[PDB]
2 protein chains.
Amino acid sequence: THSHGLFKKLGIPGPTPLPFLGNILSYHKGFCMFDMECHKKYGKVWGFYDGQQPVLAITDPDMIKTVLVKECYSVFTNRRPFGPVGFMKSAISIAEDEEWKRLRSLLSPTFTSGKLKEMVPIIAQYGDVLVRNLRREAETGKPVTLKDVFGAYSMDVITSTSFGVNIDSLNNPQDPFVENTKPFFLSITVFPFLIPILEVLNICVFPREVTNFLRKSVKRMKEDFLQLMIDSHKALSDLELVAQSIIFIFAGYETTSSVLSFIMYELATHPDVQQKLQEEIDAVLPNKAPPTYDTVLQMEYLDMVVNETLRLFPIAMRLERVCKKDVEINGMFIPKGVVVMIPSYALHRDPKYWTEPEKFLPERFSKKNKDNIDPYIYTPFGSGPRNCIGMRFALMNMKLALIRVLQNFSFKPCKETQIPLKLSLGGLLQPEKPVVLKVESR
Amino acid sequence: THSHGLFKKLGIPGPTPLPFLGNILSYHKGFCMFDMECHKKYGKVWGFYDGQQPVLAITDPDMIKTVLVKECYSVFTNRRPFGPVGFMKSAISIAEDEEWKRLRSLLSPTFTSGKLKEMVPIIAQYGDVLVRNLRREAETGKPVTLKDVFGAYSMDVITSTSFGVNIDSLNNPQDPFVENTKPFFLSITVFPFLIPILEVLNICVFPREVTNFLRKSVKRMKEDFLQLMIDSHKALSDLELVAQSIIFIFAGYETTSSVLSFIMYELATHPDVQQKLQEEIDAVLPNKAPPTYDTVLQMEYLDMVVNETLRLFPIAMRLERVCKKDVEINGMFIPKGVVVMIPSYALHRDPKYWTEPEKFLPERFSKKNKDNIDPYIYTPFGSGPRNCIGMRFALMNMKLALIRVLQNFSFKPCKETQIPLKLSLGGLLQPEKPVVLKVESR
Ligand code: HEM
Ligand code: HEM
Ligand SMILES: CC(C)(C)OC(=O)N[C@H](CS[C@H](Cc1ccccc1)C(=O)NCCc1ccncc1)Cc1ccccc1
Ligand SMILES: CC(C)(C)OC(=O)N[C@H](CS[C@H](Cc1ccccc1)C(=O)NCCc1ccncc1)Cc1ccccc1
């Protein structure tokens, strides 16, 4: 408990922690409800304990910019430790300090405007596979699971954008890594001292059978992101090369299909926005013209729909940085070892910044009203040197999928559609019941 | 084993490590013999594994200066992690990086030339208690255990030099902390991942009964080193104050009596040096004059005796620094996490630097021959910003004890004297059998 007197000493308010457990019993309603409740109880700053780990939550936009941007390289360089990872310690999202800096610098030129412009005529293929597979499940009066057909699409994109492997994600044969994307973490906070125990037993969060399903696949491409790695600080090792491919597969698959599912739920439960977005798509792309890089960046209402959905459902929920040494940001002492946390979900739904924050209103992001939005309150991709490096790629992939789908189909709520949607009362930001909707062909 | 291929990759030679154990089975002859053997087998540089921890030994004087002095603050700032320590993490010899820098800067003015000059007329008291207690055990024909009566003296000095507590160390009553100075570490190298487990069970290397024998004693002196702490970077906390007192007690007690025991063994087994040193003491201090600060610094042969003994018996044996990031010192790549080690015992007995290194010859340190001695080969107190901060104090205390003792007594080997002396085939640099000698009154 000796560390549970930290916030009491610093005069920082917060819920009283129980011995050993801290405040983790409050996660029984999920991180999000616990964050919004503390935001209401304690105000701009509060602390709690993930077991013995003190966590200081900050909501001041200036203080948030200081942590994420101004003092990132010096004090707030790394995220909360995560284990056991095995060789995934060399992953960019996990790597720390100097190893992270080397990985970030040599992986940043992967998501430039030029590299993304090269991937657009390639992603267009699986948009048609997405429509034709949707055409089958839609031509029959059978409600459709979005994250299934969206997940099949998201799989198709990430294998080719970074490597070159092309598969219709209903081939169902030799190289689906569904084994890769296939509660013990509750003990990570109670037993973070057991991370060193498990890191010597080869225990990873995914088994060694999967992380060799692709480890060999990388070597056969001695014969895109895979290319750019062997093309390029000390050069990329062959195993580091492997670890970043894994990070991109998780990111490009789980985030894409999940956000697209939240988007289509919003359009179905708001028929006006769906019709308005369908009008804009028909105007920029008449005769169902194929979307391109520049035409995707021309659709303003499409971007307003995407941003507003990301406000309601920020899949990260929280942004975190480890305070690597004593600091005093914006007039507040922060001792070493404290985990600094930014409650993105809570700030995205704060009534003090958003009128009717529970309502889905894309007009918040109109160029008339977008200016009234603080970039350090709305942070769906983070901020600063450790923001989402695949942000521009993620937006481009999702919009290309929406354009081609809304060009051919309309979406209505079915009898089994969960309205209003329940968020997963568990850890990662997902819905409780999967999203199902009726699909009609235009 | 995955880390056991490190030195094989780097082309660095060394003994082949067994799985899990590494090369720790070779410590069965002690660190010293293993170091000297590797020095002979592999030359200037070699590596081995304390379990899964790679340890690179360097013997090049330039490379040693680079580690200890030139690149100390930047790369080689901390020692090998030590556990479990409890609150002793705040101890200066244990503390790391910025916390160490703050502790070093605010504790350095304790061992100045001026502060040491103030402690000399106080240490002179227990030199007489040392003689009178020696006078009893010497007036009777009963061989004497040095580390007993030296340990009683060393205890007397450290309590007063830093606090003000005066005790005849044969009072045997209320405040002897023999409980403080009262094989499980073999598992520290095989289970360094268990250090985080034990650090939450309040398990220290000394029990909580002892580390509260003095924790309360510090507070009663709200009512010397204890004074200088409350007098003084953020100021010294009250518990940090406590932790450095503990470090000084261990250092000032165990090192002092052990070195003095090795010294008196050398003088007894070399009657010429003992007579020559007794002559010099009688010349600087005629009529058995009391030794002072300046008169102690005038005796050259006394310093030659002390330095040569420290060459044969460097109680640290090894100097270590943790490589905190990839470096290339003197043209050799050193990857992050590697523990850099300097085998002081091996270098002090290297025939390539010392003619007849096993022989006790104080004339190596005559001002005629001292110049031929490399300060990065002979490092009894370390070097650089993390050298022994109590070096000047340790030399002064031991010399004041030797002067007063050699002024009144001569020392002859007894029937039970271990000749030649056997070093403890175990961990810390001690003799196997305790040192006993005959004592005659002058
Ligand atoms: C809707 C889609 C996505 C969202 C909302 C999202 C959001 C985020 C957020 C909030 C962070 C943490 C930022 C911070 O801590 O300041 C992050 C990190 C990251 N994201 Fe994304 N992400 C998405 C998709 C992707 C994709 C497709 C990739 C493909 C490579 C990707 C790669 C990464 C990486 C590598 C990091 C860690 C960067 C670093 O630590 O240097 N993300 N993302
Ligand atoms: C014959 C007596 C002594 C010898 C040979 C000795 C030797 C050493 C050595 C070799 C080191 C490590 C240096 C390095 O790693 O570069 C050290 C560190 C240290 N010694 Fe001594 N020591 C002696 C007595 C003392 C005494 C009496 C004190 C009293 C305070 C003391 C306090 C310290 C401290 C605090 C450190 C750690 C310094 C730091 O890490 O900043 N030592 N000693
Ligand atoms: C400390 C705390 C738990 C609070 O948070 C995290 O560490 N949780 C994730 C967990 S690892 C995951 C992939 C993985 C999994 C096992 C081993 C190696 C690698 C990843 O790499 N990304 C997750 C999705 C995602 C990516 C990119 N963009 C957006 C979303 C890591 C993470 C990293 C950045 C932001 C949020 C979460
Ligand atoms: C990593 C490795 C084991 C190879 O080495 C070390 O850590 N072993 C010692 C161990 S802790 C000891 C006191 C203590 C003990 C338990 C908890 C807290 C504190 C200390 O503080 N000093 C030991 C004597 C001494 C001091 C001062 N001067 C000369 C000799 C630490 C140490 C530090 C510097 C140099 C050598 C050894």
# chains A, B, ... in the order shown; residues from 1 in each chain; ligands from 1

call {"tool": "residues_near_ligand", "arguments": {"ligand": "ligand 4", "cutoff": "6 Å", "atoms": "only C-alpha atoms and all ligand atoms", "output": "PDB file with N, CA, C and O atoms, in the first residue's frame"}}
result
ATOM      1  N   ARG B  80      25.181  -2.842 -11.327  1.00  0.00           N
ATOM      2  CA  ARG B  80      24.279  -3.960 -11.561  1.00  0.00           C
ATOM      3  C   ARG B  80      23.121  -3.900 -10.568  1.00  0.00           C
ATOM      4  O   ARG B  80      23.350  -3.659  -9.374  1.00  0.00           O
ATOM      5  N   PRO B  81      21.879  -4.095 -11.013  1.00  0.00           N
ATOM      6  CA  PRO B  81      20.746  -4.035 -10.082  1.00  0.00           C
ATOM      7  C   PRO B  81      20.885  -5.047  -8.954  1.00  0.00           C
ATOM      8  O   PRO B  81      21.397  -6.154  -9.136  1.00  0.00           O
ATOM      9  N   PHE B  82      20.414  -4.646  -7.776  1.00  0.00           N
ATOM     10  CA  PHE B  82      20.605  -5.385  -6.537  1.00  0.00           C
ATOM     11  C   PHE B  82      19.273  -5.447  -5.809  1.00  0.00           C
ATOM     12  O   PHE B  82      18.624  -4.414  -5.616  1.00  0.00           O
ATOM     13  N   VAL B  85      15.763  -4.658  -2.084  1.00  0.00           N
ATOM     14  CA  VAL B  85      16.340  -3.637  -1.220  1.00  0.00           C
ATOM     15  C   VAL B  85      15.314  -2.937  -0.336  1.00  0.00           C
ATOM     16  O   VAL B  85      15.701  -2.385   0.705  1.00  0.00           O
ATOM     17  N   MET B  88      15.975   0.759   0.724  1.00  0.00           N
ATOM     18  CA  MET B  88      17.382   0.978   0.413  1.00  0.00           C
ATOM     19  C   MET B  88      17.623   1.289  -1.060  1.00  0.00           C
ATOM     20  O   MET B  88      18.785   1.445  -1.454  1.00  0.00           O
ATOM     21  N   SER B  93      24.867   4.254  -3.016  1.00  0.00           N
ATOM     22  CA  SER B  93      25.548   3.209  -3.770  1.00  0.00           C
ATOM     23  C   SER B  93      24.585   2.381  -4.615  1.00  0.00           C
ATOM     24  O   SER B  93      25.033   1.618  -5.474  1.00  0.00           O
ATOM     25  N   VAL B 205      17.361  -7.755   2.657  1.00  0.00           N
ATOM     26  CA  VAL B 205      18.511  -8.552   3.065  1.00  0.00           C
ATOM     27  C   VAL B 205      18.822  -8.402   4.546  1.00  0.00           C
ATOM     28  O   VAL B 205      19.594  -9.198   5.091  1.00  0.00           O
ATOM     29  N   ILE B 247      24.268   2.842   4.743  1.00  0.00           N
ATOM     30  CA  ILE B 247      25.356   2.579   3.805  1.00  0.00           C
ATOM     31  C   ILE B 247      26.703   2.861   4.454  1.00  0.00           C
ATOM     32  O   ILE B 247      27.667   2.108   4.274  1.00  0.00           O
ATOM     33  N   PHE B 250      27.708   0.033   7.121  1.00  0.00           N
ATOM     34  CA  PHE B 250      28.258  -1.140   6.447  1.00  0.00           C
ATOM     35  C   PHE B 250      29.660  -0.861   5.921  1.00  0.00           C
ATOM     36  O   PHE B 250      30.590  -1.644   6.146  1.00  0.00           O
ATOM     37  N   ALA B 251      29.826   0.260   5.217  1.00  0.00           N
ATOM     38  CA  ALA B 251      31.117   0.589   4.623  1.00  0.00           C
ATOM     39  C   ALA B 251      32.177   0.820   5.692  1.00  0.00           C
ATOM     40  O   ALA B 251      33.246   0.198   5.670  1.00  0.00           O
ATOM     41  N   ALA B 316      36.598  -4.814  -3.025  1.00  0.00           N
ATOM     42  CA  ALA B 316      35.543  -4.810  -4.034  1.00  0.00           C
ATOM     43  C   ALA B 316      35.744  -5.939  -5.036  1.00  0.00           C
ATOM     44  O   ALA B 316      34.757  -6.510  -5.518  1.00  0.00           O
ATOM     45  N   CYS B 388      34.871   5.564  -4.762  1.00  0.00           N
ATOM     46  CA  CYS B 388      34.577   5.525  -3.334  1.00  0.00           C
ATOM     47  C   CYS B 388      34.573   6.929  -2.745  1.00  0.00           C
ATOM     48  O   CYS B 388      35.626   7.566  -2.635  1.00  0.00           O
TER      49      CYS B 388
END

call {"tool": "residues_near_ligand", "arguments": {"ligand": "ligand 1", "cutoff": "7 Å", "atoms": "only C-alpha atoms and all ligand atoms", "output": "PyMOL selection string"}}
result
chain A and resi 68+92-94+100+104+247-248+251-252+255-256+259+310+314-316+319-320+379-384+386-391+393-395

call {"tool": "atom_distance", "arguments": {"atom1": "CA of residue 38 (chain A)", "atom2": "CA of residue 343 (chain A)"}}
result
10.3 Å

call {"tool": "interface_residues", "arguments": {"of": "chain A", "to": "chain B", "cutoff": "10 Å", "atoms": "only C-alpha atoms", "output": "list in words"}}
result
residues 1, 2, 20, 52, 97, 98, 99, 191, 192, 193, 194, 195, 196, 197, 198, 199, 200, 325 and 326 of chain A

call {"tool": "select_by_dssp", "arguments": {"residues": "region 81-330 of chain A", "states": "alpha helix (DSSP H)", "output": "PyMOL selection string"}}
result
chain A and resi 97-107+113-139+146-162+186-190+195-198+215-219+225-231+238-250+256-269+271-284+293-296+300-312

call {"tool": "closest_residue", "arguments": {"among": "B:397, B:232, B:66, B:23", "to": "ligand 2", "atoms": "only C-alpha atoms and all ligand atoms"}}
result
B:397

call {"tool": "closest_residue", "arguments": {"among": "A:12, A:33, A:312, A:339", "to": "residue 53 (chain A)", "atoms": "only C-alpha atoms"}}
result
A:339

call {"tool": "residues_around", "arguments": {"residues": "residue 78 (chain B)", "least_positions_apart": "3", "cutoff": "6 Å", "atoms": "only C-alpha atoms", "output": "PyMOL selection string"}}
result
chain B and resi 96+321-322

call {"tool": "residues_around", "arguments": {"residues": "residue 364 (chain B)", "least_positions_apart": "5", "cutoff": "12 Å", "atoms": "only C-alpha atoms", "output": "list in words"}}
result
residues 301, 303, 304, 305, 306, 307, 308, 309, 311, 353, 354, 355, 356, 357, 359, 369, 370, 371, 372, 373, 374 and 378 of chain B

call {"tool": "residues_around", "arguments": {"residues": "region 270-279 of chain A", "least_positions_apart": "3", "cutoff": "9 Å", "atoms": "only C-alpha atoms", "output": "list in words"}}
result
residues 264, 265, 266, 267, 282, 283, 284, 299, 301, 302, 305, 360, 361, 362, 403, 406, 407, 410, 411 and 412 of chain A

call {"tool": "write_last_selection", "arguments": {"atoms": "N, CA, C and O atoms", "output": "PDB file, in the first residue's frame"}}
result
ATOM      1  N   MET A 264     -21.498   2.549 -39.940  1.00  0.00           N
ATOM      2  CA  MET A 264     -22.707   2.086 -40.611  1.00  0.00           C
ATOM      3  C   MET A 264     -23.887   1.990 -39.653  1.00  0.00           C
ATOM      4  O   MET A 264     -25.037   2.145 -40.076  1.00  0.00           O
ATOM      5  N   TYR A 265     -23.629   1.729 -38.369  1.00  0.00           N
ATOM      6  CA  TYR A 265     -24.706   1.787 -37.387  1.00  0.00           C
ATOM      7  C   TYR A 265     -25.263   3.199 -37.273  1.00  0.00           C
ATOM      8  O   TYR A 265     -26.480   3.388 -37.168  1.00  0.00           O
ATOM      9  N   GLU A 266     -24.384   4.203 -37.290  1.00  0.00           N
ATOM     10  CA  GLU A 266     -24.838   5.587 -37.195  1.00  0.00           C
ATOM     11  C   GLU A 266     -25.644   5.991 -38.423  1.00  0.00           C
ATOM     12  O   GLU A 266     -26.677   6.658 -38.300  1.00  0.00           O
ATOM     13  N   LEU A 267     -25.189   5.598 -39.615  1.00  0.00           N
ATOM     14  CA  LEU A 267     -25.911   5.955 -40.832  1.00  0.00           C
ATOM     15  C   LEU A 267     -27.276   5.280 -40.882  1.00  0.00           C
ATOM     16  O   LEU A 267     -28.256   5.878 -41.344  1.00  0.00           O
ATOM     17  N   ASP A 282     -22.525  10.679 -54.873  1.00  0.00           N
ATOM     18  CA  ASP A 282     -23.015  10.686 -56.247  1.00  0.00           C
ATOM     19  C   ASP A 282     -22.603  11.937 -57.010  1.00  0.00           C
ATOM     20  O   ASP A 282     -22.562  11.905 -58.246  1.00  0.00           O
ATOM     21  N   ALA A 283     -22.304  13.035 -56.312  1.00  0.00           N
ATOM     22  CA  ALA A 283     -21.932  14.279 -56.982  1.00  0.00           C
ATOM     23  C   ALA A 283     -20.457  14.288 -57.372  1.00  0.00           C
ATOM     24  O   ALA A 283     -20.115  14.614 -58.515  1.00  0.00           O
ATOM     25  N   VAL A 284     -19.570  13.955 -56.432  1.00  0.00           N
ATOM     26  CA  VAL A 284     -18.144  13.901 -56.741  1.00  0.00           C
ATOM     27  C   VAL A 284     -17.851  12.763 -57.710  1.00  0.00           C
ATOM     28  O   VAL A 284     -16.994  12.886 -58.595  1.00  0.00           O
ATOM     29  N   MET A 299     -14.397  15.017 -50.503  1.00  0.00           N
ATOM     30  CA  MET A 299     -15.696  14.829 -49.867  1.00  0.00           C
ATOM     31  C   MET A 299     -15.641  15.345 -48.434  1.00  0.00           C
ATOM     32  O   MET A 299     -15.025  14.721 -47.564  1.00  0.00           O
ATOM     33  N   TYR A 301     -18.441  16.067 -46.370  1.00  0.00           N
ATOM     34  CA  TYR A 301     -19.411  15.418 -45.494  1.00  0.00           C
ATOM     35  C   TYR A 301     -18.972  14.010 -45.118  1.00  0.00           C
ATOM     36  O   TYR A 301     -19.277  13.543 -44.015  1.00  0.00           O
ATOM     37  N   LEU A 302     -18.264  13.321 -46.016  1.00  0.00           N
ATOM     38  CA  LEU A 302     -17.697  12.023 -45.668  1.00  0.00           C
ATOM     39  C   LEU A 302     -16.703  12.153 -44.522  1.00  0.00           C
ATOM     40  O   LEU A 302     -16.670  11.309 -43.619  1.00  0.00           O
ATOM     41  N   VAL A 305     -18.662  12.826 -41.298  1.00  0.00           N
ATOM     42  CA  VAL A 305     -19.249  11.598 -40.769  1.00  0.00           C
ATOM     43  C   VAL A 305     -18.192  10.774 -40.044  1.00  0.00           C
ATOM     44  O   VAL A 305     -18.424  10.258 -38.944  1.00  0.00           O
ATOM     45  N   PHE A 360     -25.509  12.031 -32.278  1.00  0.00           N
ATOM     46  CA  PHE A 360     -24.681  11.909 -33.478  1.00  0.00           C
ATOM     47  C   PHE A 360     -25.027  13.067 -34.404  1.00  0.00           C
ATOM     48  O   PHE A 360     -26.045  13.040 -35.099  1.00  0.00           O
ATOM     49  N   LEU A 361     -24.179  14.096 -34.409  1.00  0.00           N
ATOM     50  CA  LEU A 361     -24.401  15.306 -35.199  1.00  0.00           C
ATOM     51  C   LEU A 361     -23.132  15.615 -35.979  1.00  0.00           C
ATOM     52  O   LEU A 361     -22.220  16.279 -35.465  1.00  0.00           O
ATOM     53  N   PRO A 362     -23.034  15.150 -37.227  1.00  0.00           N
ATOM     54  CA  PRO A 362     -21.819  15.416 -38.017  1.00  0.00           C
ATOM     55  C   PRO A 362     -21.533  16.893 -38.234  1.00  0.00           C
ATOM     56  O   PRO A 362     -20.381  17.246 -38.512  1.00  0.00           O
ATOM     57  N   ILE A 403     -17.313   4.733 -49.601  1.00  0.00           N
ATOM     58  CA  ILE A 403     -17.757   5.284 -50.879  1.00  0.00           C
ATOM     59  C   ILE A 403     -18.327   4.184 -51.762  1.00  0.00           C
ATOM     60  O   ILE A 403     -19.443   4.296 -52.281  1.00  0.00           O
ATOM     61  N   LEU A 406     -21.657   2.714 -50.016  1.00  0.00           N
ATOM     62  CA  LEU A 406     -22.802   3.617 -50.065  1.00  0.00           C
ATOM     63  C   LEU A 406     -23.189   3.975 -51.492  1.00  0.00           C
ATOM     64  O   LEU A 406     -24.282   4.509 -51.715  1.00  0.00           O
ATOM     65  N   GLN A 407     -22.318   3.697 -52.463  1.00  0.00           N
ATOM     66  CA  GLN A 407     -22.678   3.895 -53.863  1.00  0.00           C
ATOM     67  C   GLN A 407     -23.693   2.862 -54.333  1.00  0.00           C
ATOM     68  O   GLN A 407     -24.469   3.132 -55.259  1.00  0.00           O
ATOM     69  N   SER A 410     -28.109   0.800 -49.445  1.00  0.00           N
ATOM     70  CA  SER A 410     -28.652   1.527 -48.311  1.00  0.00           C
ATOM     71  C   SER A 410     -28.789   0.572 -47.133  1.00  0.00           C
ATOM     72  O   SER A 410     -28.868  -0.649 -47.301  1.00  0.00           O
ATOM     73  N   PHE A 411     -28.812   1.136 -45.927  1.00  0.00           N
ATOM     74  CA  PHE A 411     -28.725   0.345 -44.705  1.00  0.00           C
ATOM     75  C   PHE A 411     -29.842   0.742 -43.754  1.00  0.00           C
ATOM     76  O   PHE A 411     -29.940   1.908 -43.359  1.00  0.00           O
ATOM     77  N   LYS A 412     -30.673  -0.231 -43.383  1.00  0.00           N
ATOM     78  CA  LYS A 412     -31.798  -0.028 -42.490  1.00  0.00           C
ATOM     79  C   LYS A 412     -31.647  -0.881 -41.237  1.00  0.00           C
ATOM     80  O   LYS A 412     -31.074  -1.974 -41.288  1.00  0.00           O
TER      81      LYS A 412
END

call {"tool": "closest_residue", "arguments": {"among": "B:13, B:109, B:19, B:176", "to": "residue 214 (chain B)", "atoms": "only C-alpha atoms"}}
result
B:176

call {"tool": "closest_residue", "arguments": {"among": "A:212, A:237, A:245, A:169", "to": "ligand 3", "atoms": "only C-alpha atoms and all ligand atoms"}}
result
A:245

call {"tool": "closest_residue", "arguments": {"among": "B:375, B:427, B:54, B:183", "to": "residue 29 (chain B)", "atoms": "only C-alpha atoms"}}
result
B:427

call {"tool": "decode", "arguments": {"residues": "region 245-305 of chain A", "atoms": "C-alpha atoms", "output": "PDB file, in the first residue's frame"}}
result
ATOM      1  CA  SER A 245       4.328  -6.268 -39.819  1.00  0.00           C
ATOM      2  CA  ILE A 246       2.491  -7.856 -36.881  1.00  0.00           C
ATOM      3  CA  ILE A 247       1.683  -4.434 -35.405  1.00  0.00           C
ATOM      4  CA  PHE A 248       0.269  -3.252 -38.730  1.00  0.00           C
ATOM      5  CA  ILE A 249      -1.885  -6.369 -39.152  1.00  0.00           C
ATOM      6  CA  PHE A 250      -3.509  -5.905 -35.736  1.00  0.00           C
ATOM      7  CA  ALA A 251      -3.958  -2.174 -36.343  1.00  0.00           C
ATOM      8  CA  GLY A 252      -5.128  -2.343 -39.962  1.00  0.00           C
ATOM      9  CA  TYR A 253      -7.583  -5.188 -39.332  1.00  0.00           C
ATOM     10  CA  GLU A 254      -9.202  -4.605 -35.940  1.00  0.00           C
ATOM     11  CA  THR A 255      -9.464  -0.809 -36.094  1.00  0.00           C
ATOM     12  CA  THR A 256     -10.736  -0.659 -39.683  1.00  0.00           C
ATOM     13  CA  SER A 257     -13.617  -3.134 -39.401  1.00  0.00           C
ATOM     14  CA  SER A 258     -14.620  -1.849 -35.961  1.00  0.00           C
ATOM     15  CA  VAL A 259     -14.823   1.827 -36.941  1.00  0.00           C
ATOM     16  CA  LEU A 260     -16.625   1.001 -40.194  1.00  0.00           C
ATOM     17  CA  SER A 261     -19.143  -1.004 -38.155  1.00  0.00           C
ATOM     18  CA  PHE A 262     -19.765   1.953 -35.835  1.00  0.00           C
ATOM     19  CA  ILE A 263     -20.101   4.238 -38.869  1.00  0.00           C
ATOM     20  CA  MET A 264     -22.707   2.086 -40.611  1.00  0.00           C
ATOM     21  CA  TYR A 265     -24.706   1.787 -37.387  1.00  0.00           C
ATOM     22  CA  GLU A 266     -24.838   5.587 -37.195  1.00  0.00           C
ATOM     23  CA  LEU A 267     -25.911   5.955 -40.832  1.00  0.00           C
ATOM     24  CA  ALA A 268     -28.634   3.324 -40.431  1.00  0.00           C
ATOM     25  CA  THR A 269     -30.006   4.926 -37.251  1.00  0.00           C
ATOM     26  CA  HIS A 270     -29.829   8.381 -38.905  1.00  0.00           C
ATOM     27  CA  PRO A 271     -31.343   8.013 -42.389  1.00  0.00           C
ATOM     28  CA  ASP A 272     -30.901  11.714 -43.205  1.00  0.00           C
ATOM     29  CA  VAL A 273     -27.109  11.632 -42.826  1.00  0.00           C
ATOM     30  CA  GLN A 274     -26.966   8.451 -44.911  1.00  0.00           C
ATOM     31  CA  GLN A 275     -28.969  10.091 -47.703  1.00  0.00           C
ATOM     32  CA  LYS A 276     -26.924  13.302 -47.512  1.00  0.00           C
ATOM     33  CA  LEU A 277     -23.659  11.350 -47.667  1.00  0.00           C
ATOM     34  CA  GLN A 278     -25.043   9.254 -50.533  1.00  0.00           C
ATOM     35  CA  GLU A 279     -25.817  12.503 -52.371  1.00  0.00           C
ATOM     36  CA  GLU A 280     -22.290  13.879 -51.939  1.00  0.00           C
ATOM     37  CA  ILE A 281     -20.786  10.597 -53.154  1.00  0.00           C
ATOM     38  CA  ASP A 282     -23.015  10.686 -56.247  1.00  0.00           C
ATOM     39  CA  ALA A 283     -21.932  14.279 -56.982  1.00  0.00           C
ATOM     40  CA  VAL A 284     -18.144  13.901 -56.741  1.00  0.00           C
ATOM     41  CA  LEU A 285     -18.384  10.467 -58.420  1.00  0.00           C
ATOM     42  CA  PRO A 286     -21.189  10.546 -61.005  1.00  0.00           C
ATOM     43  CA  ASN A 287     -22.118   7.356 -62.863  1.00  0.00           C
ATOM     44  CA  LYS A 288     -20.718   5.460 -59.845  1.00  0.00           C
ATOM     45  CA  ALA A 289     -17.242   6.645 -60.792  1.00  0.00           C
ATOM     46  CA  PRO A 290     -14.303   4.904 -59.071  1.00  0.00           C
ATOM     47  CA  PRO A 291     -12.987   6.860 -56.078  1.00  0.00           C
ATOM     48  CA  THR A 292      -9.397   8.099 -56.249  1.00  0.00           C
ATOM     49  CA  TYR A 293      -6.922   9.641 -53.812  1.00  0.00           C
ATOM     50  CA  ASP A 294      -7.864  13.229 -54.659  1.00  0.00           C
ATOM     51  CA  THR A 295     -11.615  12.589 -54.926  1.00  0.00           C
ATOM     52  CA  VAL A 296     -11.655  10.986 -51.466  1.00  0.00           C
ATOM     53  CA  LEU A 297     -10.022  14.122 -50.041  1.00  0.00           C
ATOM     54  CA  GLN A 298     -12.692  16.256 -51.751  1.00  0.00           C
ATOM     55  CA  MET A 299     -15.696  14.829 -49.867  1.00  0.00           C
ATOM     56  CA  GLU A 300     -16.264  17.080 -46.854  1.00  0.00           C
ATOM     57  CA  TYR A 301     -19.411  15.418 -45.494  1.00  0.00           C
ATOM     58  CA  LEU A 302     -17.697  12.023 -45.668  1.00  0.00           C
ATOM     59  CA  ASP A 303     -14.941  13.428 -43.451  1.00  0.00           C
ATOM     60  CA  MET A 304     -17.526  14.980 -41.122  1.00  0.00           C
ATOM     61  CA  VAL A 305     -19.249  11.598 -40.769  1.00  0.00           C
TER      62      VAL A 305
END
